[PDB]
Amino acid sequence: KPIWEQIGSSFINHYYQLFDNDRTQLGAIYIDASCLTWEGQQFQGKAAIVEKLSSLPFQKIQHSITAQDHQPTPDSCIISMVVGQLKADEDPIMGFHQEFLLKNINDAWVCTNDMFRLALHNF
């Protein structure tokens, strides 16, 4: 309902659609200065991100969202928190926490910061 909630919600939706069905198209939502920290490893810069995301051994991965929250920022960006479970091929379901900072740059929404962590938790 709130404008930042609708945008952030839509972005997350788009991000997981791409990640679970066409991840080599993910780079389209990043920019040169975007950063990715996947399970502790830092991939600063789009090239590194695109490379890392494409090297994931996932043959078939599926994200299931338990909860998501968004907040507008002083500089008009949107920060988001996402929790839920992921299923890669033939299992053991896992929990995950993903953080995103979105910005409108050149009149388009992109993700400048992305942080993902696996978790033995549930929400």
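Position 1 is the first residue in the sequence shown; the rest follow in order.
Visitor: Quick one: higher average CA temperature factor, 47 to 55 or 69 to 77?
Guide: The recorded data point to 47 to 55.
Visitor: Which is higher in the entry, the mean Cα B factor of 87 to 95 or that of 60 to 68?
Guide: Per the PDB record, 87 to 95.
Visitor: Among all modelled residues of this chain, ranked by Cα B factor, put residue 123 in the bottom, middle or top third, i.e. lowest, middle or highest.
Guide: Its C-alpha B-factor belongs to the highest third of this chain's values.
Visitor: Ranking every modelled residue in this chain by its Cα temperature factor as given in the entry, which third contains residue 28?
Guide: It belongs to the middle third of the chain when residues are ordered by C-alpha B-factor.
Visitor: Sorting by Cα B-factor within the chain, modelled residues only, which third would residue 20 end up in: lowest, middle or highest?
Guide: As the PDB entry reports it, the C-alpha B-factor of residue 20 lands in the middle third of its chain.
Visitor: Of the three thirds of its chain by CA temperature factor, lowest, middle or highest, which one includes residue 113?
Guide: For residue 113, the deposited C-alpha B-factor lands in the lowest third.
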